[PDB]
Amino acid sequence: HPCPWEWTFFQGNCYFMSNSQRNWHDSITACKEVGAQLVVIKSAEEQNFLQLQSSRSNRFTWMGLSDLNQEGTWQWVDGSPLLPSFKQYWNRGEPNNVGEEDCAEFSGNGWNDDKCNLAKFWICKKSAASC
């Protein structure tokens, strides 16, 4: 189950770290085009792994998490709620909704809420067995 050219493997999934930039909704579409999903994080170690990729590349990167539907209620693009323990991953002072910020990104060593219509890099996730 190797990952394809210029994907990244971790714990049985393949991740695509984009080299172009898209707004949040277009990032969701780009992942669906390749049979993947704008990344939904399911564990601490997956968070630590993805956060470090984004931190060391100095790339502000979308993940599949928003509070577009109900301000302050964050939910992943697969419909799962943000668990309270995962709220540890917000950067200090986030989420702050400054000017209305409804989409989550990796920013430095944790997460930031930012404007969904900003173009950022993105990460898709797909099982390695499905390639």
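Residue positions are given as counts along the sequence shown, with the first one as 1. For clarity, a rigid core is taken as the largest C-alpha set superposing within 1.5 Å between two forms.
*Asks:* Do the Cα atoms of 5-13 or those of 115-123 sit farther, on average, from the shown form in 7 other deposited structures of this protein after fitting on the core?
*Replies:* Higher average C-alpha offset in 7 other deposited structures of this protein goes to 5-13.
*Asks:* Please compare 25-33 with 48-56 and say which has the higher mean C-alpha temperature factor in the record.
*Replies:* Per the PDB record, 48-56.
*Asks:* Where do the C-alpha atoms have the higher mean temperature factor in this entry, in 67-75 or in 37-45?
*Replies:* Higher of the two, by average CA B-factor, is 67-75.
*Asks:* Please work out which residue in 18, 11, 109, 117 has the highest C-alpha B-factor recorded for this crystal structure.
*Replies:* Each of 18, 11, 109, 117 was compared by C-alpha B-factor; the highest is 109.
*Asks:* Which one of 91, 96, 61, 85 shows the top CA temperature factor in the record?
*Replies:* Among 91, 96, 61, 85, the highest C-alpha B-factor in the entry belongs to 85.
*Asks:* If you rank the chain by CA B-factor, which third does residue 126 end up in: lowest, middle or highest?
*Replies:* Ranked within chain, residue 126 CA B lands in the middle tercile.
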